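Reading through the C-alpha cells given below for one structure.
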Amino acid sequence: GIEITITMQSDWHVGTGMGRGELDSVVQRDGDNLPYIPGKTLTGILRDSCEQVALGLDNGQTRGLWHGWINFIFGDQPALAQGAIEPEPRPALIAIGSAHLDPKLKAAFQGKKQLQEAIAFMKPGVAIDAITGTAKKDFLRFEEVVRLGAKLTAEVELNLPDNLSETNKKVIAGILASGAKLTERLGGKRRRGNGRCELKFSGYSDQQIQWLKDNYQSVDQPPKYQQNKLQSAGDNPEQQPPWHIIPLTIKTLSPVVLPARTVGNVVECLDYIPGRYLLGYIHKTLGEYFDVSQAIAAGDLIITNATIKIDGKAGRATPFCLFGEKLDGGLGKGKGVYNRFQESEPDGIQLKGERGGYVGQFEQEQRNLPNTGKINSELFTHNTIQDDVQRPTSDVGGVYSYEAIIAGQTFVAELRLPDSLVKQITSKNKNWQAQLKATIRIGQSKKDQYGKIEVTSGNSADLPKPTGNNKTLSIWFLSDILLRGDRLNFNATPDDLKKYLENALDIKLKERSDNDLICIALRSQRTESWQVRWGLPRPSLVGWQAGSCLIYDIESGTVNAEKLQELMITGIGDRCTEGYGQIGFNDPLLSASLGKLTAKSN
Amino acid sequence: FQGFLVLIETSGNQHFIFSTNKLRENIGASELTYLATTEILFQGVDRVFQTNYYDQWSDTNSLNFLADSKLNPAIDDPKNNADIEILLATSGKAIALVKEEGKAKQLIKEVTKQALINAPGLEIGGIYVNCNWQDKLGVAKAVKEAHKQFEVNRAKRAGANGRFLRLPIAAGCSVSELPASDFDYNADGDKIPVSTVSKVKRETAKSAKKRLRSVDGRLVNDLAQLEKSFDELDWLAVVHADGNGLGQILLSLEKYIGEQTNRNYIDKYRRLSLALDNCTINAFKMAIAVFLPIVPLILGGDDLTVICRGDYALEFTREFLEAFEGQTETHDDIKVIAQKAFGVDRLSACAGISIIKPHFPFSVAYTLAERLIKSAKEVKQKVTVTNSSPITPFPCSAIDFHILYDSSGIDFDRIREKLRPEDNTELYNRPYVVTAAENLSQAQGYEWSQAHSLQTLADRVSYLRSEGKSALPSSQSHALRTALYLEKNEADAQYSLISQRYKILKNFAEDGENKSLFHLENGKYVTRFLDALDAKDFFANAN
Amino acid sequence: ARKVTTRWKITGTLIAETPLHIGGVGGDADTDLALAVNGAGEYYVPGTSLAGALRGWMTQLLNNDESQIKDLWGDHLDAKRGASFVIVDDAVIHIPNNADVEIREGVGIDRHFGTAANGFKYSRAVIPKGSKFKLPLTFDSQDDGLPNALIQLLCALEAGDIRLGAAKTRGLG
Amino acid sequence: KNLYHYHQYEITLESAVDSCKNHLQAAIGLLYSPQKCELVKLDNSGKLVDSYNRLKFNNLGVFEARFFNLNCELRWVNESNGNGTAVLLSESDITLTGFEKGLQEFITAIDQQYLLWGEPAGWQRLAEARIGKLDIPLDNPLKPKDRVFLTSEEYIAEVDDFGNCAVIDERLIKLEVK
Ligand SMILES: [Mg+2]
Ligand SMILES: [Mg+2]
Ligand SMILES: [Mg+2]
C-alpha cells in the first residue's frame, strides 16, 4: 500500500556500463524501453540515507543501538562482518520495488521509438590538463542524461513482524521518513549535480520525523528475530484416487532470477521455474485447509516445474532424440529435424543433436514440426559500495550480474492433489480455487527489483492417458530425474533406471537392436541449491536432464496403461514433489518420423 | 588379421578450461586436458604393453615419433611382433589398434583410472570395437563405428559430476559449485578456499611451461610476469581460431586415400593428423613475429586460442591464417587429400577475436570469441565449390572481431543490433575474408568475398592513418560517423557536403559514384567506414 | 555511510561579470557554437563545468599539489579516497529582464593578406553580462572546522578571480 | 579389494540405528529434516540419548540420515511414511542380523577432504557470517586459526565392460582439524 514517489529535480543518469551509439554511457531502461530507477539503486540509496540518520543518533558510533535498527529494517550486511557472528543474518523488513514513470505516460510512448530516445540527451564532458589548460588526450566523453522533471513511483512493502509494539512501529516509520527526507541525490555523478531528487513515502511526513525527534532518547533495542517455523498436524486423510490436476499459470511482472550457476561474477538463470519456488505459495494459501507439510512428506502433493506456455499448455523440454541439420536445420530453422529413435541419419549431411528449449504439442499425424517456445532473458549488472570511500572496492566485491527472465513471460505449472485432499479442502471452502490467485515473489533477490510474479489458477484438467503399446516402451524425461543407487547415493545408472521401471511396471525391457537407430539419449545433470529453512545448502542432487529420452523393446509381460498413467501423475525417483521425475510415456513426438515435416498508444 | 580399435576421447573441454576466469586455472586446466591423451596415454600404453612410447615422447617432446615404422610398427603382418599400434594420438583424442581384447580393455582402464587420480574433474573415457582386416576397408569402418558408439556409451556412463558431492556442512570453492577441500592464495596473497578440482588445475599451471617452451623459448616462461605484464598493457585480445572442413574429410576419408586398403588408410589417416598438428604449430611460430606477450591456452590439431596483446591480434590472426594456408599448400600429406576433397590443395581456418581491456572478465570475453567465430564461419556457406552437391564450402579464411569498450552487457545480438540502426542499413561489414582474391576466383560467391575482403578494411585504415597533417581529419571522420547513425538519405547528405573537400574520400566511397559510404549488399545497405574507424588502432605489426 | 562531522551548505549568487559560454555538444542552426541547456531547455551551468573551474583554481593555488586537492575533491585511484566531499549542483542561469542570448560573430584574419581566412567564419551564443545563477555548493566535513583552502576558494569567488566556460582569454567567462 | 554393503528394507531410522549400534560406536550423524539439518553424536555404546524423539519421522521428523565412524557408514532414507532403506558400508566383513550382505570390488580408494563452514567461534562451535554458527561434535578445543575438515575415501572401480573406471562410492570417516 506504501509507495515511494521520486521527483527528479536535475537531469539524471543510472545503471549501465554499455553505451550504444555515439554516446559513451547509456542509462538503465525498463521493459517499455523507458528510463527508470532500479529497486536495488533505490534500496541502496535509501539505506545510505537512513544510515546517516542512525549514525547521527548514535553520536557517530558506527555500531550501536540505532545501527541495530537499520539492520532490523534493512537486514544485516554479512560480508561486512569483522568477527565471529553466531546468529544467522536477518532479512530486511522493507522491500522496495523499481520506480517507473507514470503508467499513463508510459502507454503513450508505445512503439514511438523516436520519442523514447528523446527522453534523454547527450551531455558532453572533457578533462583539462592543469598546466596547459587544454583538453587531455583520451579524456572526452558524451553521456546520456534523462530530462529533469521525471516523476517516478515505486511500490514499497513493510512486512512488519506480527507482534511489533506500536512504539516500535512509530520508530520504524520515523527512521524511514527521516532517511527519505535526508535523501537528496541518486545515480551517477551525484557529486557533480546529476540526479538530484525529492524522495517521499506515501503516508510518512514531518509528523513521523517530529515524533522521533521528540522520543529518540526513549528508544530500546529492536526485537529479536525469529524464524517462522513449520507446524504439522498429522491429520490429513489417506491419499485416494483420482488425482485432481489444477493448472497454475505464472506470469512474470518483473524480472525473475532463478540461479542455475555462478560463473565468475555473473549468476546464470534457469529458463523455467522449479516447483520448489512455489511450495512457499502453496504453504501460504492451502496450509490453512490441510497439513501441507505432511502432504509433502507423504507425497500427496506435487507442484511441477513451470515451463513456457505453448499452445495454451506447458512447453515440454526438447527431446534429445531430435537431431537437426548442422548446416541449416533444426527446430530453430523449422526444417531438417530427424527423430533418431525411428529414422536413420541421411547420407552425407551431418547432424547436431538438440540441446534445449521447449516444444509445444504434437500429435500422431501432426504434418508439422511441433511449436517451439523460447524464453527471453536479460543481464542486469549491479555494484556494492564501500561506505567510507563511497565507491566499490575489491574488499566488498563491487561488481556482479544476474541473468533474469524478463517481464511478461508466461509459464504453466500444475498442482496435483489426490481426491482425498480436495475433499478435505472442499468440505472447508467451496471456492478454494479462487484463493489460488496471488501475486508472490520468487527467486534470488526476491525482495526488491526481481521476482514479482502473478499466479492464476485454471480449471481442473484431465489426467494424462498414454497409449499402452506392447511393442516398445519409450520414456521422455519432461523434468530432471533423480535416482539413488542401491547405496542410496545418487550414482545411479541407466541400468538402475531400467530396473526401476521394470520393477514398477511389472515388465521386462531390453534395448532395441536396430543399428541405425539410437536407443538412449541422456545427459547427466547436477543441481546445487540452498535450503532456506536449514540455512545450509542442500545435499547435491545428481541425475539426468529434462529432455533425455530412451526407448525399450518389451521383452515379456504386458505394460498396463493404468500404471503408466499413475506414473505420469506422480513421477519417478527422488523429490518428485518438487516436480523432479516428471516423465512422458509413448508420446508420439518420440514415435514419429520427422525428416519430411516443416513448421507451420493513446 | 583381426584385432580391436581403441578410441579414447576427452569430453567437456570448453567447460573444463574456459569457465573460471582465473588465468592460472585456464592454463592449468588446458594442460591437464593435453596431458590426458599424450603423457598419460603413452604412460598407460607403456604400463600395459611394455612399450617405450613415453620415452620417445619425453625425449622428442613431439608426436611425430609414432609415424616412424621402427618406433610405431604395424600391427599387421608377422614381420613385427608388436601387439599395439598407435593409429593417432592428439589433444583430446587418441586411437590405437590392439590385437587382444583384454589389453584393449586394460588400456582404457589404465588411462581412465589415472585421470580420476591425477586429473580430477577431467572427463575422459574410451571405447573399443571389433576391427576386421579381412574386410579391405574394415579399419575405416571401425573408426566410424567407434566414433558413433562413443556418444551412445557416454550417456550410459557415470558422469564426472558424480563425485565431490556436497554435504550441507561443507564450504564452497570460491570458483566453482563444488565443495571446498583445499586452500590456495589470491593474487594479493589472501588465502582462499578451493576445490580439489581447482587445486590440481592451479598446481598444473607450471607443468605447461615445459611443453610450450619447446614450441618457442619465449612463451609462458614466467606465468606470474605474464599476469603482471597483461595488467600493464592497454588491451588484450582473446583469439579463437578453428580449422575448416577437417571433420567432413575425416568422416569420409575412404574416398580420398586412393588405394582401398587398410594399411593405406592407417598410413594416410595418421599422417594427415600429424601434418595438421605441425601446420598449426608452424603457422603460430610464424605469426608471433608481429609482436612473448601471448599465452597459448590451446594450440594443436586445427585449433588455436590464445590471449594476445590487443592491438596486435588482427595481424597475428591474419598472419596465422595466411601462414596456416601456406603451410597446408606445401605439406604433401594434406595436399593430395585436400585436392581430392575440395579441388584445391589447401585447407582453411576462421577466427573470432574479442579484444578486451585487461581487467574485463575472461569467461565473458571468450564467450564473445565463440560467437564471433560463428560469424566468421558463415563464409562456410556463402563461398562454395561450384556445382558441388551437397554443396561444400570452398576453402576460405575469415575473421570477425569486436573491441568491446564496455563494462557489462556483452550480448553479441545486442552488440550487433545496436549498430544496425535502420531496417535497410547495417553499419558493419565485419565477417572479413583474409584469403587472397586469387585463390577464391573460381568459387561461387567470389564477388561476395571481394566485397568482404580484409584488404578493403586494411586499405581504408591506411588512408585514415595516412598523412604533415591528417589526409582526412579526425574532425571530419567524426562528422561522418555521426551521420551514419541517421537514415541513409541523411548519411549521404552529410557525405556530399564533404566529398569534394577531402579528395581522399574517393577511396572511402562504395557506391561507384563517390557519393555514398554505403554499398548495397543482399538488399541491405552496409559500410566499411565504421569498421575502419573502430579498427584503426588495432592494425599494428612489428614488421 | 560515510562519516560526516558536519555538512556545510555554501550558497549565494554568482553574476556573469562578462558574457558566458558553457558549450553543449555544439551547433544549433542559429550559431556554430551553442550554449548548454538542461533537459527543460533552460540555460544552465553544469555542476561538472563549475566544479572543474573551482577544482582548477585550487590546483593553481595549491601549486598543483595533488595530495591536498584529492582530500577535498576526491579521487578514484587511491584506495583510501574515492568520492568527492565537495558537491556542486547544476544551476540554471536567469538572464536579465528583456535581455536575451546574444550571438557574437567571429572571423580569422589571414596574416599575409590581412583579410578573412577561408572557412574561418564562426559565431557563438553568449549569456549576456549581468546574468545570475545560484552558487550550489555542499561540503561534508569529516574533520572539525572548515578547510582553509576551501575558505580561500570562496574568497577567490568573491574577488572574481575565477573564470568559467569557453573563450576565457577572449572576453568571456 | 571388497567394499562390503548391507541392505535392509522397510526399517525405521530409530530401528536402523539400533540394529547397527555395535558398529556405529562414537559415530557422527547427520540428520535431514524439513526444518533443520542436525549433527549428532552417538555415545561409545552406539546410542543416541533421546533416540526415539530425535529419530521419529511423524512430525517434521528426519527423512534421511548418515552415520559414520572409522569402520563404517550407515545411510538411511525414507520410502513410505517413515519406513526406509538402510545400507551400511564397511571395509570389514561384519555380521549383521537381518541385513542382506553384499559386496563390490574396487581398484583403489583415494582419500578426500571437505572443508566445513567457518572458523572457530564435547562440542565446538564454528562460525561464519554467511551462515552464523555451526556446532560440531569435536572433542579437542579449536585454536583461533584452525579449520575442520570432514574426511572421506572415494572408491574407484571399472564401470563399463570397456573398462572405464569411475568412483563407485564415497564413504565418510571423521572430522579432522587442520
Ligand atoms: Mg584515445
Ligand atoms: Mg566517448
Ligand atoms: Mg556549425
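Residues in the C-alpha cells are numbered from 1 in each chain, the chains being A, B, ... in the order shown, and ligands are numbered from 1 in the order shown.
Backbone DSSP over region 304-436 of chain B gives strand (DSSP E or B) for residues 304, 305, 306, 307, 308, 309, 348, 349, 350, 351, 352, 353, 356, 384, 393, 398, 399, 400, 401, 422, 425, 426, 432 and 433 of chain B.
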Around ligand 3, out to 9 Å and counting only C-alpha atoms and all ligand atoms, which residues are there? I want them as a short mmCIF file (atom, residue, chain, number, x, y, z; two decimals) with C-alpha atoms, in the first residue's frame.
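Final file, selection.cif:
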data_model
loop_
_atom_site.label_atom_id
_atom_site.label_comp_id
_atom_site.auth_asym_id
_atom_site.auth_seq_id
_atom_site.Cartn_x
_atom_site.Cartn_y
_atom_site.Cartn_z
CA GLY C 26 27.61 22.18 -30.40
CA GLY C 27 25.83 23.55 -33.43
CA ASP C 28 22.21 24.68 -33.34
CA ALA C 29 21.37 26.07 -36.81
CA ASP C 30 21.31 29.55 -35.28
CA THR C 31 25.02 29.54 -34.37
CA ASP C 32 28.03 27.33 -34.87
CA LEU C 33 28.72 27.13 -31.13
CA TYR C 122 32.04 31.35 -36.90
CA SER C 123 29.50 32.61 -34.38
#
(message) Hey, which residues sit close to ligand 1? Say within 8 Å, counting only C-alpha atoms and all ligand atoms, and write them as a PyMOL selection string.
(response) chain A and resi 137-139
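Computed from the coordinates, the CA of residue 576 (chain A) to CA of residue 413 (chain A) distance equals 13.9 Å.
Comparing A:523, A:141, A:100, A:67 by their smallest distance to ligand 2, the closest is A:141 (using only C-alpha atoms and all ligand atoms).
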(request) Write out as a PyMOL selection string which residues come within 9 Å of residue 28 (chain A) when counting only C-alpha atoms, dropping same-chain ones fewer than 6 positions away. (result) chain A and resi 13-16+34-38
